[PDB]
Amino acid sequence: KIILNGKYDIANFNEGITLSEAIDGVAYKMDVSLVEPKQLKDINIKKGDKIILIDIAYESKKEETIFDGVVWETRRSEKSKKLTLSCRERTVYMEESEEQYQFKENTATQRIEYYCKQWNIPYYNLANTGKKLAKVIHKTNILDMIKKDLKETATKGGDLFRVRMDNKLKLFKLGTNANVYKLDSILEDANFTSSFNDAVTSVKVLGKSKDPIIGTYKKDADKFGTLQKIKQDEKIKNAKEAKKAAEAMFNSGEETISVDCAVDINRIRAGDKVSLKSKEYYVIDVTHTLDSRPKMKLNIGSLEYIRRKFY
Amino acid sequence: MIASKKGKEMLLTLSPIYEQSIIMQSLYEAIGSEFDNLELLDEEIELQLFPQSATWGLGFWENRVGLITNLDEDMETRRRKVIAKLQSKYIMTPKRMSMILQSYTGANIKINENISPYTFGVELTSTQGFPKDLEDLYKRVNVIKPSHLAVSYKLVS
Amino acid sequence: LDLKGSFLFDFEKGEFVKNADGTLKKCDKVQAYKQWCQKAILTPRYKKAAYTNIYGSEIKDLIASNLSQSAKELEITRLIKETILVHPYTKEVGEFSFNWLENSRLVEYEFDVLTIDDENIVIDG
Amino acid sequence: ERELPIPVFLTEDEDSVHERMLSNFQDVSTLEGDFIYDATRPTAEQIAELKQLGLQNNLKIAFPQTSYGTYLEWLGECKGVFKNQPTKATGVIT
Amino acid sequence: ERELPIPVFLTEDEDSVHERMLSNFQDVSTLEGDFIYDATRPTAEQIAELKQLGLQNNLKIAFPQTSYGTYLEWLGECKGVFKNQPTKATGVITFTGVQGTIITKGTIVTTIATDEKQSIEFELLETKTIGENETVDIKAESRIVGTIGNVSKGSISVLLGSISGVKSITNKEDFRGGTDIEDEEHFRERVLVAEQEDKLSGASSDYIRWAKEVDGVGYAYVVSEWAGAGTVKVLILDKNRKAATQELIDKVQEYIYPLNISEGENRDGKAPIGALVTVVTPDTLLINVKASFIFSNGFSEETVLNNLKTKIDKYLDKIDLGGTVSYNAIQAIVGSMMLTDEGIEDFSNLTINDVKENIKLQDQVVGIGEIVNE
Amino acid sequence: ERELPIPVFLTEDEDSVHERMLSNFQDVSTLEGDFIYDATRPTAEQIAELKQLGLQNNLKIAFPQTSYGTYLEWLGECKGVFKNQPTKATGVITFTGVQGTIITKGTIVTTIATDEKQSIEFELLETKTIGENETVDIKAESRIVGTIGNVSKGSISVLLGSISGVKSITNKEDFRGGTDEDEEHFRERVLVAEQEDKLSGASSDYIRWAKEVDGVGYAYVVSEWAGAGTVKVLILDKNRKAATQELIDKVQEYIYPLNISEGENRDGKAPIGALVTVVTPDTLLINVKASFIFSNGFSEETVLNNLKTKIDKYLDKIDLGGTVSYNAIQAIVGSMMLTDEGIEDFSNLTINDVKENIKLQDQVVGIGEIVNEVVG
Amino acid sequence: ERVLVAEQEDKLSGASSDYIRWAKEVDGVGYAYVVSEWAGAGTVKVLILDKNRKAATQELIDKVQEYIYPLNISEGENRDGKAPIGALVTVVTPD
């Protein structure tokens with residue numbers, strides 16, 4: 001409804017906005033399509049411009065900044081003067097800037113604070129993930145390093161954390177959204193899919209590092225059969241770490257719902273805890289599309305499958 | 001018919017079938033009596049939150065300020081003592097001292113600012129007179145005055 | 001569903017019916033449902049603050065309205081139907097009939113049909 | 001003026017109070033418009049209204065950070081501070 | 001701690017309210033399970049719950065005695081008391097590494113994490129280079145404010161972000177400071193003290209306050225216009241309520257009323273201008289209690305006697321200069337040891353200075369004497 | 001009521017039974033409507049019906065966890081537990097009429113039957129005459145057991161017949177004698193009576209039985225206090241005070257009923273031959289005497305009442321057979337002196353004119369009368 | 001705000017430091033100096049310099065005097081200034 005840019009208000013030009021995020025996505029993504037007459041052409045929107053989308057929030061019905069990022073790419077058509085943007089929050093910067101860091105044994109929160117301090121990234125008070133990580137040397141992107149240590153934190157019994165940018169970097173635990181919205185009331189169509197596609201019933205740990213930690217921790221072998229994996233990570237250097245990694249991998253296969261909603265719940269985001277029918281599910285992916293009729297589509301799943309796949 | 005005001009309001013808030021119902025009328029008469037008592041209790045509670053209208057909360061106020069709680073004493077005397085105790089936490093300028101002593105006694109006071117080098121005079125005035133015992137006023141003046149100063153008194157009807 | 005009963009209220013006398021023991025005369029599920037239906041019909045809507053917007057009717061407000069005779073018949077049908085149908089036990093209400101006996105003084109009939117009045121198919125594999 | 005924090009009890013919802021009242025009933029129907037509902041709902045509504053207005057007003061006037069009027073005047077009198085009083089306009093007329 | 005003596009009508013039982021409601025009905029059954037009882041009982045429940053939790057709480061949080069949250073802080077502000085905030089811990093880290101290695105401000109160094117404990121983080125406050133001794137001392141603070149930051153020596157031994165050239169780190173001394181948030185009980189005590197204390201200025205009570213502010217002295221007494229108007233005598237005693245040393249008297253004098261003079265700083269003490277304050281040690285009568293003390297199990301005779309002596313010594317503060325020592329009050333203290341189960345089971349033959357009568361001070365203070373068991 | 005597990009055989013399906021019957025046929029057609037089907041299917045249906053209803057009902061009534069009615073009554077009789085029987089409502093009915101009129105026992109009077117309600121029948125237990133005064137009172141009883149009856153004050157108004165000269169029949173007060181027992185409550189009683197041992201009525205057993213009664217805090221026993229195997233039961237209430245007479249009677253009836261008639265025997269916990277009596281210790285009253293001197297303007301009554309409350313609070317700590325510390329009471333009095341709560345001075349402090357610690361013996365202690373000596 | 005400002009804990013005795021602070025609280029007072037018993041009987045002088053070290057004006061002198069020690073009190077009035085009871089105070093400026 002309001003698109004601030006730097007100074008102007010280009011909400012008087014946009015054909016539609018689509019706010020999309022994935023649980024493992026690089027960044028909260030806003031793809032706003034505009035018509036580009038002389039008026040919009042004058043201001044000369046370039047890549048790197050700062051877009052802030054403001055719309056009436058679902059919670060309190062007050063205008064709140066639902067998106068605050070930067071224009072990552074502009075594509076302009078000439079025959080039809082339709083300028084199209086693809087906005088990203090500043091976690092896209094972290095996913096592109098490579099750097100090598102050597103880390104001793106420590107927790108994920110300390111590592112994230114170290115990254116932010118090194119690269120001068122503003123950040124709120126980061127939640128203590130608690131889990132203690134093994135010494136590693138990293139080379140991938142900063143977001144890649146953060147995701148790697150968060151995955152290793154999900155292993156060893158730690159809670160599932162996800163990093164979202166907003167104005168200043170936030171360490172967002174998955175099941176900690178304020179409002180557990182119920183989608184059954186506006187359920188245009190749902191697609192309950194169940195499978196054994198990524199089911200894990202057994203896991204045979206073969207430790208590449210010593211405390212000779214080896215074991216098997218089959219959990220539902222009698223019911224679904226011995227759907228076995230082999231976890232052979234150097235980071236597992238402990239018997240309890242092996243047991244917790246095994247326990248953080250068992251699941252009954254893929255179990256998700258491809259939900260389609262006729263009303264756009266504005267504040268939904270990846271990782272949020274949302275209800276369909278009596279059950280509760282975590283948002284694997286959300287794709288708003290703020291056309292003339294607000295609309296939302298969701299892909300949600302159980303905790304076990306999400307932990308198995310994305311962690 | 002219901003006697004309580006709140007009972008009548010609550011009955012009228014329901015469906016109109018209960019015009020002749022003695023049972024529901026008596027029930028909401030009792031409920032309205034309870035709510036009237038609660039409203040009066042709320043007003044009384046509003047009185048207790050202050051030292052001027054403390055009433056039975058004057059005991060709480062006296063316990064707060066450390067004064068000796070004694071129910072047999074006059075309520076106004078307890079109020080005056082509490083106010084004087086509360087007002088003793090700032091500079092002993094003539095205005096503050098005069099109003100503290102006036103609040104304690106309840107009679108008009110004018111501090112003379114005595115001519116002698118290190119004395120201060122206090123003059124009392126009461127249209128209704130005074131009792132024959134006013135020693136506690138002198139005790140409070142001695143406790144409250146600056147240490148190096150002396151004091152003199154006179155009383156007027 | 002698990003609907004439950006209530007106590008009788010003789011609308012003719014406007015008093016609860018009580019046994020010789022002094023306790024109020026308990027009644028069955030359907031009896032309490034009929035009592036509720038009559039009470040809801042007699043309760044005006046939006047005016048008795050103890051209730052939500054769902055409960056009550058607006059039949060009394062229709063008397064002062066300027067709509068025609070047939071329009072008032074349709075309004076009465078709509079109002080009674082909407083007022084009754086909020087109850088879960090209700091299945092269907094209809095078969096409305098009207099009789100303008102005097103020039104402008106009306107008598108109307110209606111039928112209420114319960115959830116238990118439904119007819120069940122008999123089949124199993 | 002500082003915003004007043006309120007206890008959770010004083011800001012209870014009317015429907016929550018009514019549900020707490022109706023929790024004990026399991027034999028008699030508690031539907032809206034029923035006689036049990038008739039007996040119980042106005043009590044809950046009055047409880048919510050009183051608890052939200054009167055008690056919160058008492059809490060507001062209790063302290064000098066939020067008191068007003070005569071209440072704030074008395075709380076000033078607790079520490080011996082008086083508000084300046086008004087005066088009549090004066091002058092000369094020819 | 002103090003409890004609010006609430007009236008009974010404001011603390012009615014639920015059953016009493018229900019009975020008062022049921023009393024009105026005349027021609028209807030009011031038994032359990034009937035419509036009237038089952039309909040009025042939730043209302044009685046709600047009325048009692050509102051009365052207690054609303055009115056009692058709202059009345060009692062308005063007073064400092066029974067206020068817990070921000071209301072207590074607001075009352076303390078109203079009477080000029082502020083709750084003590086927590087604070088950082090502070091200390092010095094001894095780095096060890098190759099000379100020329102640069103350690104920068106903002107670097108984090110932590111203690112050793114375990115399966116039980118999260119590592120306690122400390123942030124360097126300075127930027128320095130390792131010296132010729134292959135070491136350097138750098139100040140730091142605990143990032144988390146509280147007593148947890150006050151870790152022991154040699155515990156801060158883990159560097160967060162690897163710095164080339166740093167060989168090892170350690171803390172030679174335990175980190176100090178690290179105050180936590182003040183407890184509600186201590187804040188209530190201080191607020192009540194401010195509420196009940198006069199907090200005057202120039203009066204005898206504030207003179208005693210200024211005396212107590214000086215170290216060494218335990219107790220003090222003041223006489224107004226001892227030598228005519230404009231004169232003040234301050235009479236001080238040590239921690240044992242014995243005669244104060246002349247050095248201590250000089251300390252209190254220079255604190256309150258320096259006898260030396262200067263053009264600008266005439267005296268510039270705590271006393272008002274125009275006062276004539278004299279600081280001395282008083283004449284001190286000694287009151288010794290002699291009795292047959294019988295002591296409870298698990299308590300030492302000497303420790304209980306010393307505690308009783310300290311309590312009587314505290315009572316001597318209530319005894320004013322030239323006041324009267326009460327035999328009955330000392331009996332009360334001695335038996336209050338028993339009522340509090342403080343190591344005394346029985347006592348008898350109680351005498352003070354070998355007499356059983358109240359003793360009047362001839363304008364002397366009373367010093368704590370020995371407590372003698374027969 | 002516990003859910004009944006059923007064997008798989010008793011819940012067999014009708015079609016399964018019919019298939020088992022028809023498995024042996026391979027030459028003749030077994031289609032629905034065929035003669036073999038005609039001969040076989042009703043047998044299978046009846047087998048399924050009987051096996052599902054009758055046998056499962058037998059299994060249900062077999063055990064007390066699921067039995068009901070007379071079956072549950074018999075299973076209670078197995079371990080000697082009877083369900084409480086109902087009683088007829090009883091009371092008094094007032095009559096008024098000609099003085100010469102005579103009202104006989106067995107007369108039937110009922111309530112007002114209506115469309116909503118039926119009449120409750122009552123019978124008179126006495127024969128009376130109105131000769132002396134125009135109004136008489138006659139005892140009556142309901143002809144139907146149970147909570148039915150127990151009517152309100154003026155419910156009784158109808159006479160089935162017609163008696164000469166009777167002007168009005170009105171019940172004066174509500175009847176109270178009616179009572180029904182719940183099946184589930186009786187089942188719970190049956191299942192509670194399952195104790196294995198500790199039933200001998202030793203000191204521990206009697207202490208446990210006394211503690212089982214509500215309101216009993218502590219219990220003590222004296223063996224052969226009066227010889228012949230007699231047992232005393234000294235009981236303290238929940239707050240260590242002397243047990244009330246009502247509580248004493250409750251415990252007595254629980255352990256050793258005394259109201260047994262000729263055709264009755266004790267159902268209490270006390271076994272045969274064990275004579276039991278419930279007792280409470282004596283409550284010593286500590287009257288305090290001293291020459292109190294009160295502060296300026298303080299009310300003597302209020303200060304003495306506060307001191308009374310404090311000393312009573314202290315005495316509540318003392319148990320049965322405890323020691324009353326006079327030297328502690330001295331400091332209880334002197335605490336108000338320390339706090340300046342009105343008491344300016346005191347002397348000749350005594351407890352019942354005693355200046356030493358008193359030892360209780362078969363006694364609890366409570367606050368007596370606070371008396372100011374006011375010695376001349 | 002007046003009620004909440006009146007919350008000072010101590011330093012209320014009217015010593016030399018207290019009088020200097022009170023003089024500094026009045027706007028236009030740069031520096032202040034005190035003479036103890038300049039006229040005996042506990043009298044106090046208050047020598048004041050303006051913000052620019054110059055002699056304080058008569059209006060500023062009157063302002064400081066009224067702030068610390070009012071002189072226009074009537075019969076039915078008492079001093080509300082910072083000076084406690086018995087402390088005679090006068091404001092002066094150097095030549």
# chains A, B, ... in the order shown; residues from 1 in each chain; ligands from 1
$ residues_around --residues "residue 260 of chain A" --least-positions-apart "3" --cutoff "7 Å" --atoms "only C-alpha atoms" --output "list in words"
residues 187, 188, 189, 190, 296, 297 and 298 of chain A
$ interface_residues --of "chain B" --to "chain C" --cutoff "10 Å" --atoms "only C-alpha atoms" --output "ChimeraX atom specification"
/B:10-24
$ atom_distance --atom1 "atom CA of residue 30 of chain F" --atom2 "atom CA of residue 53 of chain F"
27.7 Å
$ interface_residues --of "chain E" --to "chain C" --cutoff "8 Å" --atoms "only C-alpha atoms" --output "ChimeraX atom specification"
/E:27-30,34-35
$ select_by_dssp --residues "segment 8-247 of chain F" --states "helix (DSSP H, G or I)" --output "NGL selection string"
:F and (9-11 or 14-22 or 35-62 or 69-78 or 183-192 or 203-212 or 245-247)
$ write_last_selection --atoms "C-alpha atoms" --output "tab-separated table (two decimals), in the first residue's frame"
chain	number	residue	atom	x	y	z
F	9	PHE	CA	-14.38	-65.04	19.91
F	10	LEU	CA	-17.30	-63.29	21.62
F	11	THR	CA	-17.10	-60.35	19.16
F	14	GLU	CA	-21.78	-62.61	11.45
F	15	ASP	CA	-20.32	-62.80	7.94
F	16	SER	CA	-17.20	-64.52	9.31
F	17	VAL	CA	-19.35	-67.18	10.99
F	18	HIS	CA	-21.37	-67.68	7.81
F	19	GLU	CA	-18.18	-67.99	5.75
F	20	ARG	CA	-16.83	-70.56	8.20
F	21	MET	CA	-20.08	-72.50	7.85
F	22	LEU	CA	-20.02	-72.31	4.04
F	35	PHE	CA	-31.43	-73.27	-0.35
F	36	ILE	CA	-28.05	-73.95	1.27
F	37	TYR	CA	-27.86	-70.25	2.10
F	38	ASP	CA	-31.42	-70.45	3.42
F	39	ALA	CA	-30.48	-73.32	5.73
F	40	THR	CA	-27.20	-71.77	6.92
F	41	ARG	CA	-27.56	-67.97	7.15
F	42	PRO	CA	-30.19	-67.68	9.95
F	43	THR	CA	-28.08	-70.02	12.07
F	44	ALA	CA	-25.05	-67.76	11.60
F	45	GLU	CA	-27.09	-64.64	12.34
F	46	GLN	CA	-28.56	-66.11	15.53
F	47	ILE	CA	-25.10	-67.35	16.56
F	48	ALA	CA	-23.65	-63.87	16.11
F	49	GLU	CA	-26.52	-62.19	17.97
F	50	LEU	CA	-26.37	-64.57	20.93
F	51	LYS	CA	-22.57	-64.54	21.09
F	52	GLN	CA	-22.41	-60.73	21.00
F	53	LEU	CA	-25.25	-59.98	23.44
F	54	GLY	CA	-25.78	-62.77	25.96
F	55	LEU	CA	-22.23	-63.95	26.53
F	56	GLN	CA	-20.86	-60.41	26.73
F	57	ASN	CA	-23.60	-59.53	29.22
F	58	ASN	CA	-22.61	-62.57	31.28
F	59	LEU	CA	-18.98	-61.44	31.22
F	60	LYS	CA	-20.05	-57.93	32.23
F	61	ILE	CA	-22.06	-59.12	35.24
F	62	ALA	CA	-19.37	-61.63	36.26
F	69	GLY	CA	-28.15	-54.03	39.98
F	70	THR	CA	-28.85	-57.29	41.77
F	71	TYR	CA	-25.65	-58.75	40.32
F	72	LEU	CA	-23.54	-56.01	41.88
F	73	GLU	CA	-25.53	-56.42	45.10
F	74	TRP	CA	-24.64	-60.12	45.20
F	75	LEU	CA	-20.99	-59.39	44.45
F	76	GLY	CA	-21.07	-56.96	47.37
F	77	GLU	CA	-22.59	-59.73	49.49
F	78	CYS	CA	-19.58	-61.87	48.56
F	183	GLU	CA	-24.80	-47.90	41.70
F	184	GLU	CA	-21.36	-46.39	41.08
F	185	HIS	CA	-21.06	-45.26	44.70
F	186	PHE	CA	-21.93	-48.78	45.87
F	187	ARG	CA	-19.37	-50.21	43.44
F	188	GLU	CA	-16.77	-47.82	44.86
F	189	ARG	CA	-17.70	-48.98	48.37
F	190	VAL	CA	-17.27	-52.60	47.27
F	191	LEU	CA	-13.88	-51.87	45.69
F	192	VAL	CA	-12.67	-49.82	48.68
F	203	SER	CA	-2.68	-48.79	69.16
F	204	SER	CA	-1.50	-48.06	65.62
F	205	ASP	CA	-4.77	-49.34	64.13
F	206	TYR	CA	-6.89	-47.22	66.46
F	207	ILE	CA	-4.69	-44.19	65.76
F	208	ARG	CA	-5.18	-44.74	62.02
F	209	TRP	CA	-8.94	-45.12	62.46
F	210	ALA	CA	-9.10	-41.90	64.48
F	211	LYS	CA	-7.03	-40.10	61.84
F	212	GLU	CA	-9.37	-41.35	59.09
F	245	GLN	CA	-18.20	-32.80	71.33
F	246	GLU	CA	-19.56	-33.23	67.80
F	247	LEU	CA	-16.16	-34.44	66.58
$ atom_distance --atom1 "atom CA of residue 63 of chain F" --atom2 "atom CA of residue 84 of chain F"
20.6 Å
$ closest_atom_pairs --of "chain D" --to "chain B" --cutoff "12 Å" --atoms "only C-alpha atoms" --output "JSON lines"
{"residue": "D:32", "atom": "CA", "partner": "B:14", "partner_atom": "CA", "distance": 11.2}
{"residue": "D:33", "atom": "CA", "partner": "B:15", "partner_atom": "CA", "distance": 8.3}
{"residue": "D:34", "atom": "CA", "partner": "B:15", "partner_atom": "CA", "distance": 10.4}
{"residue": "D:35", "atom": "CA", "partner": "B:24", "partner_atom": "CA", "distance": 9.5}
{"residue": "D:36", "atom": "CA", "partner": "B:24", "partner_atom": "CA", "distance": 11.0}
{"residue": "D:37", "atom": "CA", "partner": "B:14", "partner_atom": "CA", "distance": 9.9}
{"residue": "D:38", "atom": "CA", "partner": "B:14", "partner_atom": "CA", "distance": 6.6}
{"residue": "D:39", "atom": "CA", "partner": "B:24", "partner_atom": "CA", "distance": 8.0}
{"residue": "D:40", "atom": "CA", "partner": "B:31", "partner_atom": "CA", "distance": 10.4}
{"residue": "D:41", "atom": "CA", "partner": "B:14", "partner_atom": "CA", "distance": 9.2}
{"residue": "D:42", "atom": "CA", "partner": "B:10", "partner_atom": "CA", "distance": 6.0}
{"residue": "D:43", "atom": "CA", "partner": "B:31", "partner_atom": "CA", "distance": 7.8}
{"residue": "D:44", "atom": "CA", "partner": "B:10", "partner_atom": "CA", "distance": 10.8}
{"residue": "D:45", "atom": "CA", "partner": "B:10", "partner_atom": "CA", "distance": 9.5}
{"residue": "D:46", "atom": "CA", "partner": "B:35", "partner_atom": "CA", "distance": 8.4}
{"residue": "D:47", "atom": "CA", "partner": "B:35", "partner_atom": "CA", "distance": 8.8}
{"residue": "D:49", "atom": "CA", "partner": "B:35", "partner_atom": "CA", "distance": 11.6}
{"residue": "D:50", "atom": "CA", "partner": "B:39", "partner_atom": "CA", "distance": 8.3}
{"residue": "D:51", "atom": "CA", "partner": "B:42", "partner_atom": "CA", "distance": 10.2}
{"residue": "D:53", "atom": "CA", "partner": "B:42", "partner_atom": "CA", "distance": 11.0}
{"residue": "D:54", "atom": "CA", "partner": "B:42", "partner_atom": "CA", "distance": 7.4}
{"residue": "D:55", "atom": "CA", "partner": "B:42", "partner_atom": "CA", "distance": 7.6}
{"residue": "D:56", "atom": "CA", "partner": "B:46", "partner_atom": "CA", "distance": 11.1}
{"residue": "D:57", "atom": "CA", "partner": "B:46", "partner_atom": "CA", "distance": 9.1}
{"residue": "D:58", "atom": "CA", "partner": "B:46", "partner_atom": "CA", "distance": 6.1}
{"residue": "D:59", "atom": "CA", "partner": "B:46", "partner_atom": "CA", "distance": 9.1}
{"residue": "D:60", "atom": "CA", "partner": "B:46", "partner_atom": "CA", "distance": 10.7}
{"residue": "D:61", "atom": "CA", "partner": "B:49", "partner_atom": "CA", "distance": 8.4}
{"residue": "D:62", "atom": "CA", "partner": "B:49", "partner_atom": "CA", "distance": 6.0}
{"residue": "D:63", "atom": "CA", "partner": "B:49", "partner_atom": "CA", "distance": 9.0}
{"residue": "D:64", "atom": "CA", "partner": "B:50", "partner_atom": "CA", "distance": 11.2}
{"residue": "D:67", "atom": "CA", "partner": "B:49", "partner_atom": "CA", "distance": 11.4}
{"residue": "D:70", "atom": "CA", "partner": "B:50", "partner_atom": "CA", "distance": 10.9}
{"residue": "D:71", "atom": "CA", "partner": "B:50", "partner_atom": "CA", "distance": 8.2}
{"residue": "D:72", "atom": "CA", "partner": "B:50", "partner_atom": "CA", "distance": 10.3}
{"residue": "D:73", "atom": "CA", "partner": "B:50", "partner_atom": "CA", "distance": 10.8}
{"residue": "D:74", "atom": "CA", "partner": "B:50", "partner_atom": "CA", "distance": 7.3}
{"residue": "D:75", "atom": "CA", "partner": "B:50", "partner_atom": "CA", "distance": 7.5}
{"residue": "D:76", "atom": "CA", "partner": "B:87", "partner_atom": "CA", "distance": 9.9}
{"residue": "D:77", "atom": "CA", "partner": "B:87", "partner_atom": "CA", "distance": 7.8}
{"residue": "D:78", "atom": "CA", "partner": "B:86", "partner_atom": "CA", "distance": 5.9}
{"residue": "D:79", "atom": "CA", "partner": "B:87", "partner_atom": "CA", "distance": 4.9}
{"residue": "D:80", "atom": "CA", "partner": "B:87", "partner_atom": "CA", "distance": 5.4}
{"residue": "D:81", "atom": "CA", "partner": "B:87", "partner_atom": "CA", "distance": 9.1}
{"residue": "D:82", "atom": "CA", "partner": "B:99", "partner_atom": "CA", "distance": 11.3}
$ interface_residues --of "chain G" --to "chain D" --cutoff "10 Å" --atoms "only C-alpha atoms" --output "PyMOL selection string"
chain G and resi 1-4+6-7
$ interface_residues --of "chain F" --to "chain E" --cutoff "12 Å" --atoms "only C-alpha atoms" --output "ChimeraX atom specification"
/F:150-155,174,292,310-311,313-315,317,323-340,343-349,355-357
$ residues_around --residues "residue 212 of chain E" --least-positions-apart "6" --cutoff "9 Å" --atoms "only C-alpha atoms" --output "VMD selection string"
chain E and resid 218 to 220 236 252
$ closest_atom_pairs --of "chain E" --to "chain D" --cutoff "7 Å" --atoms "only C-alpha atoms" --output "Markdown table"
| residue | atom | partner | partner_atom | distance |
| --- | --- | --- | --- | --- |
| E:39 | CA | D:39 | CA | 6.3 |
| E:42 | CA | D:21 | CA | 5.3 |
| E:43 | CA | D:43 | CA | 6.7 |
| E:54 | CA | D:10 | CA | 7.0 |
| E:58 | CA | D:59 | CA | 6.5 |
| E:62 | CA | D:62 | CA | 5.8 |
$ select_by_dssp --residues "segment 13-154 of chain B" --states "strand (DSSP E)" --output "PyMOL selection string"
chain B and resi 108-111+119-125+150-154
$ write_last_selection --atoms "C-alpha atoms" --output "PDB file, in the first residue's frame"
ATOM      1  CA  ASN B 108      -3.051  28.608  62.973  1.00  0.00           C
ATOM      2  CA  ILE B 109       0.659  29.255  63.575  1.00  0.00           C
ATOM      3  CA  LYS B 110       3.008  32.139  62.765  1.00  0.00           C
ATOM      4  CA  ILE B 111       6.738  31.614  63.284  1.00  0.00           C
ATOM      5  CA  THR B 119      16.168  31.282  68.930  1.00  0.00           C
ATOM      6  CA  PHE B 120      12.964  31.053  66.908  1.00  0.00           C
ATOM      7  CA  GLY B 121       9.520  31.949  68.217  1.00  0.00           C
ATOM      8  CA  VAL B 122       6.249  30.127  67.568  1.00  0.00           C
ATOM      9  CA  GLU B 123       2.845  31.753  68.131  1.00  0.00           C
ATOM     10  CA  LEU B 124      -0.373  29.716  68.149  1.00  0.00           C
ATOM     11  CA  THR B 125      -3.913  30.911  67.450  1.00  0.00           C
ATOM     12  CA  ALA B 150      16.383  27.303  70.977  1.00  0.00           C
ATOM     13  CA  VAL B 151      12.620  27.869  71.023  1.00  0.00           C
ATOM     14  CA  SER B 152       9.947  29.942  72.760  1.00  0.00           C
ATOM     15  CA  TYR B 153       6.154  29.709  72.630  1.00  0.00           C
ATOM     16  CA  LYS B 154       2.988  31.697  73.205  1.00  0.00           C
TER      17      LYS B 154
END
$ interface_residues --of "chain G" --to "chain E" --cutoff "9 Å" --atoms "only C-alpha atoms" --output "list in words"
residues 3, 4, 6, 7, 8, 9, 10, 11, 12, 13, 14, 15, 16, 17, 33, 34, 35, 36, 37, 40, 41, 42, 43, 44, 84 and 87 of chain G
$ atom_distance --atom1 "atom CA of residue 177 of chain F" --atom2 "atom CA of residue 88 of chain F"
6.1 Å
$ interface_residues --of "chain E" --to "chain A" --cutoff "10 Å" --atoms "only C-alpha atoms" --output "ChimeraX atom specification"
/E:106-108,110,112-115,117-119,121,158-163
$ residues_around --residues "residue 240 of chain A" --least-positions-apart "6" --cutoff "10 Å" --atoms "only C-alpha atoms" --output "PyMOL selection string"
chain A and resi 156-157+211+213+246
$ closest_atom_pairs --of "chain B" --to "chain E" --cutoff "6 Å" --atoms "only C-alpha atoms" --output "CSV"
residue,atom,partner,partner_atom,distance
B:30,CA,E:21,CA,5.5
B:65,CA,E:196,CA,4.4
B:66,CA,E:196,CA,5.0
B:88,CA,E:198,CA,5.5
B:89,CA,E:199,CA,4.9
B:118,CA,E:230,CA,5.2
B:145,CA,E:203,CA,5.6
B:146,CA,E:203,CA,4.0
B:147,CA,E:203,CA,4.5
B:148,CA,E:230,CA,4.4
B:149,CA,E:230,CA,5.5
B:150,CA,E:229,CA,5.4
$ residues_around --residues "segment 52-57 of chain G" --least-positions-apart "6" --cutoff "9 Å" --atoms "only C-alpha atoms" --output "list in words"
residues 28, 29, 30, 31, 92, 93, 94 and 95 of chain G
$ residues_around --residues "residue 78 of chain C" --least-positions-apart "2" --cutoff "12 Å" --atoms "only C-alpha atoms" --output "count of residues only"
20
